[PDB]
Each structure stands twice: as C-alpha cells, then as structure tokens.
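>>> This one's experimental. Sequence and coordinates below.
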Amino acid sequence: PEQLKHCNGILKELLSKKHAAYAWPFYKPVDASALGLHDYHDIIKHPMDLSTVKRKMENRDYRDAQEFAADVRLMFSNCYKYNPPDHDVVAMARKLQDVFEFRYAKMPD
Ligand SMILES: COC(=O)C[C@@H]1N=C(c2ccc3cc[nH]c3c2)c2cc(OC)ccc2-n2c(C)nnc21
C-alpha cells in the first residue's frame, strides 16, 4: 500500500511540466495511423503510455509497485523496440526513464 502511494508520486512527477520537453510523446497512446506507422501494431503487441498508467493508478488496477513498474518499462521498451537507436524519441525516452528509474529506486522497501 505504501509502495503504491510512492508510485503515484512517481507518476505525478513524470506528468509534471518539469519534464514536458521529453515526456510529451508518452502522454497519450501512439496513434499509428496519424503518425503514418503502418507496422507499429505488428511490431508492438502491447502498447502503453502515461495516460493509460494514470487511469490504472486512479482506478486502483495495480496490485503492487512491480506491476506499475512493468507498465512504465513496457512503455519505454516499446519505444526502443520500434525505433532506431539514434532516433530523437529514443533519446527522450532515455531521459524520462532516468527520472523513473531513479525515483523508483528510492521507493521504501
Ligand atoms: C513518426 O513517429 C515515429 O517515427 C515513432 C514515434 N516517434 C515520435 C517522435 C517524438 C519526438 C520526435 C522528435 C523528432 N522526431 C520525433 C518523433 C512520437 C510522437 C508522438 O507525437 C504525439 C507520439 C509518439 C511518438 N512515438 C513513441 C512514444 N514511440 N515511437 C514514437
């Protein structure tokens, strides 16, 4: 229970204006059609984004911190999986993930 409150604070920081310069591609689900990505859902079997994490947190769908962490890492992993390593969105994902991983590691154990 206390770990999920810490994860909620993590989610608020990831969504905060402080990180908007690199977090914004992850605010909403990838719209493959709008982005012209005809193969996105062939490659990415389980899409994830911060608005989906926020909904599941608000509706108390996560049973523990590890389930929350798996969704956030899935969001980043999808980005790395679909895109080349020098892509700008990959650089943004790495910057947001450093925020997530550091706050997550400070979780009371
Ligand atoms: C054509 O889209 C692609 O190639 C893959 C795609 N990319 C970018 C993106 C973001 C910032 C920059 C800066 C220069 N290029 C960029 C591309 C992108 C842009 C979005 O807008 C609302 C939403 C999702 C992504 N998104 C995620 C998440 N995971 N993959 C992608």
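Structure's in. What do you need? Numbering: from 1, shown residues only.
>>> Give me the residues contacting stretch 61-80.
With contacts defined as Cβ atoms under 8 Å, 6 or more residues apart in numbering, stretch 61-80 is touched by 3-4, 6-7, 10-11, 14, 25-26, 30, 44, 46-50, 52-53, 55-57, 89-90, 93, 96-97, 100, 104, 107. C-betas here are computed from N, CA, C, even on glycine.
>>> tell me, which of those make contact with the ligand?
Filtering the contacts of stretch 61-80 for neighbours of the ligand using Cβ under 6 Å from any ligand atom leaves 25-26, 30, 89.
>>> Compare those and tell me which is most surrounded.
When neighbours are taken as other Cβ atoms under 10 Å, the top entry among those is residue 26 (26 neighbours).
>>> so which helix or strand takes in the nearest residue to residue 107 once chain neighbours are set aside?
Distance criterion Cβ to Cβ, 6 or more residues apart in numbering; nearest residue to residue 107, sequence neighbours excluded, is residue 6 at 4.9 Å. Assigned by DSSP states H and E, residue 6 falls within helix 2-14.
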